[PDB]
Each structure stands twice: as structure tokens, then as C-alpha cells.
Protein chains: 4
Amino acid sequence: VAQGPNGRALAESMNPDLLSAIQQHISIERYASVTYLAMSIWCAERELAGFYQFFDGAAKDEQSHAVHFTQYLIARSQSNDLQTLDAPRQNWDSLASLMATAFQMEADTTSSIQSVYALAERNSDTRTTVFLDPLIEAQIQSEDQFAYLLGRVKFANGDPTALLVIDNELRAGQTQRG
Amino acid sequence: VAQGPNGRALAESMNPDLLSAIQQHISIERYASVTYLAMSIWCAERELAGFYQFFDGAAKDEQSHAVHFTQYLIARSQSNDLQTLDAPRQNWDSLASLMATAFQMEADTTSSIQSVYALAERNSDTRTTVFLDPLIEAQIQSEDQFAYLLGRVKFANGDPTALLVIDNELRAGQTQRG
Amino acid sequence: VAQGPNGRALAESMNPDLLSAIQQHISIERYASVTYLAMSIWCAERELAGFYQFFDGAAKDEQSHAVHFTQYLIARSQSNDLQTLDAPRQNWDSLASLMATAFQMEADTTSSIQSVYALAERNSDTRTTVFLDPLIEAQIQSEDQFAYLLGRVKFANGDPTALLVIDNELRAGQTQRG
Amino acid sequence: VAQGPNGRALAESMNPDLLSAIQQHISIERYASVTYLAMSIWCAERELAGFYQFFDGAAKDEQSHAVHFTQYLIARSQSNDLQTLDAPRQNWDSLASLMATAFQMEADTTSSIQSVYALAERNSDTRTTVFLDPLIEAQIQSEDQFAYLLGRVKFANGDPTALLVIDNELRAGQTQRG
Ligand SMILES: [Cl-]
Ligand SMILES: [Cl-]
Ligand SMILES: [Cl-]
Ligand SMILES: [Cl-]
Ligand SMILES: [Fe+3]
Ligand SMILES: [Fe+3]
Ligand SMILES: [Fe+3]
Ligand SMILES: [Fe+3]
Ligand SMILES: [Fe+3]
Ligand SMILES: [Fe+3]
Ligand SMILES: [Fe+3]
Ligand SMILES: [Fe+3]
Ligand SMILES: [Fe+3]
Ligand SMILES: [Fe+3]
């Protein structure tokens with residue numbers, strides 16, 4: 001029985017480029033987390049309590065996704081390499097602009113997973129594509145959800161009255177088309 | 001005991017023009033169904049989640065009405081003839097325009113039933129008028145409901161803020177005067 | 001943030017040939033639905049109440065599958081295009097012939113999904129293959145089920161007594177190998 | 001306040017031909033009752049216990065229908081006139097022949113109601129058409145049910161084995177398409 005790079009028994013070696021891609025993606029999940037924390041704060045600073053609570057939960061969820069990836073590397077007997085985390089964006093001129101950044105962040109998360117997915121297929125790593133399949137499925141739902149929140153905020157067309165109604169929806173947990 | 005056109009024992013023959021009228025009306029119910037599906041999609045594309053859920057349920061209800069009619073022909077030992085279904089309308093410039101089409105669709109459904117009703121009376125088919133009586137009663141309630149939804153949307157006068165409030169009413173199931 | 005063809009925020013563009021293939025497949029699910037409705041009617045006309053109830057439920061399930069696909073296009077910010085629906089087949093000389101058509105309809109549904117799947121892989125659309133994966137899994141179970149119902153009816157070798165026993169199985173919900 | 005023919009306060013006079021038609025129809029319901037009793041006995045004599053129980057209940061139901069009509073005449077302040085009741089048919093060469101007589105008996109019951117209905121319309125007696133409307137609705141269901149039982153027995157094509165299976169269905173209360 002061979003030992004993998006993290007010291008555990010190795011079921012099958014992993015291509016180093018694929019390992020680096022996964023380590024890089026863990027950073028993207030962690031960056032999404034701190035970005036949603038920043039967005040939560042921006043919302044709280046403007047008394048948008050429902051948006052604040054939504055993004056506060058979204059930040060914890062993104063961290064959970066990152067940890068989920070670290071567990072996969074452990075399972076594959078590969079080393080984790082937790083990286084320096086950039087500071088998030090923290091300033092937006094409107095809620096609509098913030099929600100656009102949030103949507104792009106989800107689309108960018110999926111793109112990163114897709115890039116890892118393509119590299120795993122290049123290396124015939126079926127464990128990794130199977131591991132990523134449910135995460136892409138969750139990304140479709142997340143993109144649908146953030147397209148819903150962004151589009152609903154844009155529908156409000158900057159009217160504070162409409163944004164308060166949407167804010168109360170989010171505080172109630174009404175955060176998807178349903 | 002005579003056998004009816006669908007092969008079952010025949011309680012009483014049905015005039016072929018009346019049969020064709022019923023088969024035609026089944027198509028109208030099926031067309032109402034796919035129209036409400038199209039309207040549900042239009043609403044979902046604009047993040048009008050409550051209107052989407054309402055029309056999604058309305059589409060299933062219209063299909064149930066169609067099946068209810070096929071069961072009556074079975075009960076009368078008459079042949080069903082499921083027809084080609086036209087594509088629905090799929091484009092509207094506003095929610096108010098969509099709701100106007102929806103109201104007209106309900107009024108047109110009732111007109112079709114009324115036409116079948118008149119033909120059954122011409123042929124002294126009391127089974128068919130008795131069968132249609134509760135369906136006309138349900139049409140009155142449906143017309144009242146869609147006049148309510150259309151009128152409430154028109155009252156909003158295109159204000160997104162008011163349409164969001166109405167959207168949330170529909171998501172809660174507040175879809176009639178009550 | 002770019003807007004997709006249906007107006008929603010776009011996470012990633014979709015190849016137009018892949019979009020048309022998905023729109024075409026939605027038609028196949030809707031056609032399976034009306035085909036199972038026709039089969040339900042054929043069974044009811046022959047007092048095969050269990051087969052009638054089975055196909056009545058199967059028709060609603062196929063419609064649900066179609067709606068599931070329309071929701072995916074919404075999630076991808078792609079336009080739906082609900083198409084004209086052909087009239088179903090409505091005449092069979094025996095229950096065994098009807099069940100053969102039903103089995104082929106399920107196999108043909110899977111073939112259509114497989115064709116969409118191959119086109120998504122050609123375009124590296126991992127969202128679409130992930131979306132279709134569970135639907136292919138459900139197709140395996142559906143093909144297993146309809147091979148079971150077809151084979152059991154063929155085992156009956158046209159004996160009405162055996163078909164009544166099977167009819168009662170279906171009315172009880174005994175519709176799979178289990 | 002005028003007194004009606006049965007002595008009670010009279011809300012509106014009834015045409016004597018319409019009264020005789022209703023009195024005649026009460027006889028038809030009573031005759032259906034004793035016919036179903038005879039059919040129950042025929043079935044019991046052949047150990048068809050499920051068919052026996054079905055027709056035993058059907059006989060009581062027909063009597064209830066007759067009483068329902070006598071109550072309407074009371075409500076209209078009209079005299080009842082309970083008539084001599086013919087002896088039922090009591091001999092059949094097969095269960096299929098018996099079920100054909102049963103189906104015709106239901107169709108004939110509806111025809112009698114229809115004849116009363118037409119006479120009430122001739123006399124603009126809207127109380128009577130309203131009273132008969134739900135009874136015609138029940139007749140549609142009864143005709144559907146007896147077409148189902150007759151057709152299922154005919155499907156058995158005289159095989160005792162199939163008739164035993166159907167007999168057990170009826171004993172379990174499985175007496176309609178459902
Ligand atoms: Cl805004
Ligand atoms: Cl509007
Ligand atoms: Cl067969
Ligand atoms: Cl027989
Ligand atoms: Fe994530
Ligand atoms: Fe995310
Ligand atoms: Fe999978
Ligand atoms: Fe309808
Ligand atoms: Fe309707
Ligand atoms: Fe009525
Ligand atoms: Fe399907
Ligand atoms: Fe299927
Ligand atoms: Fe009766
Ligand atoms: Fe009866």
C-alpha cells in the first residue's frame with residue numbers, strides 16, 4: 001500500500017495540476033464567503049436587515065463548501081494548502097450593483113468548478129468528476145436563486161419602498177422562486 | 001344491449017355533432033393548460049414567483065378539467081379523439097396584458113361550454129347539460145377570480161412596488177376576493 | 001452582468017443547437033404525457049381499471065418531467081418555446097400491443113435525452129449533463145418498469161383471466177418488480 | 001294559502017300529467033329494487049357471493065331512490081300513489097346475460113327520469129328539473145358503473161376462473177373503474 005502526499009494510504013495518485021486546481025478552488029469558495037460577509041455588512045449599514053441575514057447565512061454556506069473540498073483532498077490522501085485570502089470588495093453604489101456582484105461571484109464559482117471538472121476529465125479522474133457533479137447541480141440552483149434576487153431588486157428600479165418589501169421577504173426566508 | 005362507438009355498453013346514443021363539440025372542447029381545456037404553463041414561464045422569467053406558482057397550479061387544474069371531460073365521453077360510451085394542440089401564446093409586453101389574455105381565456109372556455117350546452121339542449125341530451133352544470137358554476141367562480149387578479153394588477157398601474165405586493169399575495173395563496 | 005435570451009442574468013451562454021435540442025425534448029415529454037392519456041382511455045374503454053389508473057398517473061408524471069425541463073431553461077436564462085403537440089396514437093389491437101408502444105415510448109424518451117446529453121458534452125456544458133444525469137437514472141428505472149409490465153402482459157398470452165389479475169395488481173399500485 | 005292535493009300548504013300547483021309521471025317513476029325505482037333482489041338471489045344460488053352482496057346493496061339503494069321521490073311529492077304537497085309492483089325477472093342463462101339486464105335496467109331508469117324531466121320543462125316546473133338534476137348526475141355514474149361490471153364480465157368470456165376473480169373484487173367493494 002502506497003502512502004499519498006498527505007501521509008494517508010493512497011487509493012489512486014492525483015495529477016499535480018489537478019491538485020493545484022482544487023486547492024485554488026478552495027480559495028474561491030473562501031473568497032465567496034468573505035465577500036458575502038462584506039455584502040452582509042454593507043446591507044446592515046443601510047438597515048436592509050433581510051439582505052443582511054441572507055448574506056450572513058450565505059457566507060457560512062460558502063465556508064461549508066470550502067471545508068467540503070478540504071475533506072475531499074483528505075479522502076484522496078492529498079495535501080491541503082490553505083492560501084492567503086484576498087480582501088473582499090466592500091463598496092457598492094446601490095443594492096442592485098451589489099446583487100450583480102453577488103450573481104457574478106456565483107457564476108465565477110461555477111466556472112472555477114467547471115475548469116477543475118475539465119482537468120479531471122483530461123486525467124480520467126472519475127472520482128473527482130463524481131465528487132464535483134452534485135456541486136455543479138447545487139451551483140445551478142444557486143445561480144437560479146441569485147438571478148432571482150438580482151432580477152427582483154432590478155424590478156424594484158431603485159424604489160426604496162419596493163426594496164423594503166423585498167428586504168422583508170428575505171428576512172422571512174423567501175429567497176427563491178419556490 | 002347495444003354497444004356504443006367506444007365499444008362499451010351504450011345507455012343512450014349521442015348526436016355526432018354534440019360528440020365533436022365535446023371533443024373540441026377538450027382541446028380548449030388542454031389549450032388553456034398549455035397557455036397557463038406559458039404564462040407561468042413568462043412570470044418566472046421576470047422573478048414574479050407568486051404569479052409563476054399561481055399559473056403553474058392553474059395549468060394542472062385545466063388539464064384535470066380536460067381529463068374530466070374525457071371521463072364523461074367514456075361514461076357515455078363515446079370515442080375520445082385527442083387532437084393536435086396548438087402552441088400557446090408566449091409573449092406579452094406587461095403583466096397587465098398577460099392577465100387580460102388569461103381572463104379572456106377563461107371567458108372563452110365558458111363560451112365553449114355554453115356552445116356545447118346549447119347543442120345538448122337542441123338534442124334533448126339531459127345527461128350532458130347535467131354534466132356541464134357544475135362546470136359552468138366553476139366557470140363563474142373562475143371568471144370572478146381572474147377578473148379579481150386582472151383588476152388588482154391594473155389597479156397597480158404598472159408600479160413594480162405594487163406588483164411585488166400582489167406577487168407575494170399570490171405566493172401565499174391569496175388569489176380570490178375571499 | 002450579461003442578460004440571457006429570456007431576459008434573466010446569464011451565468012453562462014448556451015449553444016443554440018443545444019437549446020433547440022432541449023426545447024425539442026420538452027415536446028417529447030409532453031407527447032409521452034398525451035400518449036399515456038390516450039392509453040389510459042383505451043384501457044378504461046375496456047374496463048381495465050388498473051391499467052387505466054396506472055396510465056392516468058403516468059400521464060401526469062410525464063407532464064411533470066416536461067415542466068422540470070422548462071424550469072432548467074429558466075434557470076439557465078434561456079427562452080422556452082412551447083411547440084405544437086402532435087395528436088397521440090389512440091388505437092391498439094391488444095393490451096400487449098399497447099404495452100409495446102408504451103415501452104418504446106420510454107426507450108425513445110431516453111434516446112432523446114441521450115442525444116441532448118451528447119450535444120452538451122460536445123459543447124462542454126457540464127451544467128446540462130449534471131442536470132440530465134438523474135433523469136437518465138430515472139429512465140433506467142422507468143425502462144425496467146415498463147419492461148416488467150410489458151413482459152408480464154405478454155406472459156399472460158392473451159388470457160383475459162390473467163389480464164384481470166394483472167389489472168388488479170396495477171390498481172393496487174403493484175407496478176414494478178419491487 | 002291554498003291546500004295541495006295531499007292536504008299540506010301548496011307552494012305551487014303541479015300539472016296532473018307530471019304528477020302521474022312521477023308516481024309512475026317511483027314504481028320504476030321500486031321495480032329496479034326488486035329486480036336487483038332477484039339478481040342477488042340468482043348470484044347467491046351460484047355461489048357468486050361478491051355479486052350477491054353487490055346486488056343486495058343495489059336493491060336497498062334503489063328503494064332509497066324510490067323513497068327520495070316520495071319525499072319530493074310530499075314537499076310539493078302532492079299525493080303519493082304507491083302502485084302494484086310487477087314480479088321481477090328471475091331467470092338468466094349466464095352471469096353475462098344477467099349483467100346485460102342490469103345495465104338495461106339502469107338505462108331504462110334514466111330514460112324514465114328523462115321523460116319526467118321533459119314533461120316538467122313543458123310545464124315550466126323548475127322545482128322538478130332542479131330536483132331531478134342530481135338524480136340524472138347519479139344515473140351517469142350508475143350507467144358508467146354497470147357498463148364497467150358488464151364489460152368486465154364479458155371480458156371474462158365465460159371462464160369460471162375469471163368470474164371468481166371478479167366475484168372477489170365485488171366482495172371487496174371494488175365495483176367501479178375508480
Ligand atoms: Cl437598487
Ligand atoms: Cl403591468
Ligand atoms: Cl394482450
Ligand atoms: Cl358469463
Ligand atoms: Fe460555494
Ligand atoms: Fe456559492
Ligand atoms: Fe450524478
Ligand atoms: Fe377549464
Ligand atoms: Fe379555466
Ligand atoms: Fe345543478
Ligand atoms: Fe418523462
Ligand atoms: Fe417516461
Ligand atoms: Fe334508482
Ligand atoms: Fe339505478
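What's counted below: heavy atoms across the whole structure, side chains too, no hydrogens, waters or symmetry copies. First the proteins, then the strands, lettered A, B, ... as listed; each starts at 1.
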Part of C/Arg127 lying under 4.5 Å from any heavy atom of chain A: both
When every non-hydrogen atom of C/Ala9 is compared with those of A/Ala147, the smallest separation belongs to O-CB, 4.2 Å
Those residues of residues 51-80 of chain C that come under 4.5 Å of chain A on a heavy-atom basis, listed by number, are C/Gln71, C/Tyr72, C/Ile74, C/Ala75
Chain A heavy atoms under 4.5 Å from C/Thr129: which part of the residue, side chain, backbone, both or neither? neither
Please classify the contact of A/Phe146 with chain C as side chain, backbone, both or neither, using a heavy-atom distance under 4.5 Å. neither
Just so I understand: if I count every heavy-atom pair under 4.5 Å between each of A/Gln139, A/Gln141, A/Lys154, A/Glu143 and chain C, which residue has the most? A/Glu143
Could you walk me through whether A/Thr110 and C/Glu12 pass the side chain to side chain contact (heavy atoms under 4.5 Å, CB included) check? CA-CA 9 Å; A/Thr110 315; C/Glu12 192 177 332; over 6 Å; no
Side chain, backbone, both or neither: which part of A/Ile136 has an atom under 4.5 Å from a heavy atom of chain C? both
Decide yes or no for A/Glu137 and C/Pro134: does some side-chain heavy atom of the first lie under 4.5 Å from some side-chain heavy atom of the second? yes
Under the side-chain hydrogen bond (donor to acceptor under 3.5 Å, both in side chains) rule, what pairs show up with a residue in residues 33-45 of chain C, not counting sequence neighbours? C/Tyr36-C/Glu106
